[PDB]
């Protein structure tokens, strides 16, 4: 299984689809996205990779995206899917059962608190209960069939709050806030904790990382990353976290760091073929 990077940003929005193998270290280049996008999210349902939302920043325009697009790794082809009800740049995305949840994001000055659900087998989106908060640059993660929206930006304030979506009830409820304000952090599930790595707090990009334990309902810092980064890509592969690219306040990183929880340590594991931020990332 590989870690896929889709889209991203470096001087403009990118179409690159590339896969890194932490086992042999190789980067293999696959089919370009139909439309370049940064600020998108990636996920996998039934082994198919989806690209959700984002934005095409080019010298000729800046268009937020409603597009959902699907990649088959054995056939190397993108297929357009039904679009969301609104464009969602800097979207968050999570998967519960077999449905794709599109969370937050922006459309111009509009900062969404709305959430939509996609059924890959029916190719339909439907609006779901909105969050308590407007959130662009939000991290989304799923634990025990529960959907977490973590941090982000409401248009005026960067956020340390997190809220939890209950599918059976169709309602959101706040949880304990993170210790650190973070928009554009990488958010994932590793074991039985929600991790939030990096981001931007409104003054600096962050290298700190913290994790949420649902049993105790508390957030705890762990070892920081080596590079401060916002708008990083994050995923979990064989019980380890990977962060891909991002921005440190000066440069777009190609650095890829890997966190080992048993040792609570980060190590640089590779460089992307080119620096970028705002990628979608998933594993299949």
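Residue numbers count along the first chain shown, from 1.
- Comparing 115-123 with 152-160, the higher mean C-alpha B-factor in the PDB entry belongs to 115-123.
- As listed in the deposited structure, the average C-alpha B-factor of 177-185 and of 70-78 is greater for 70-78.
- The PDB entry assigns its highest CA temperature factor, among 99, 134, 90, 107, to 99.
- Note on 217, 222, 28, 243: the highest value goes to 28, judged by CA B factor as recorded.
- Ranked by C-alpha B-factor against the other modelled residues of its chain, residue 168 falls in the highest third.
- Remark: residue 32 belongs to the middle third of its chain, ranked by C-alpha B-factor as recorded.
- Compared with the other modelled residues of the chain, the Cα B-factor recorded for residue 15 ranks in the middle third.
- Residue 279: CA B factor lies in the lowest third for its chain, per the PDB record.
- The entry lists a Cα temperature factor for residue 233 that places it in the middle third of the chain's modelled residues.
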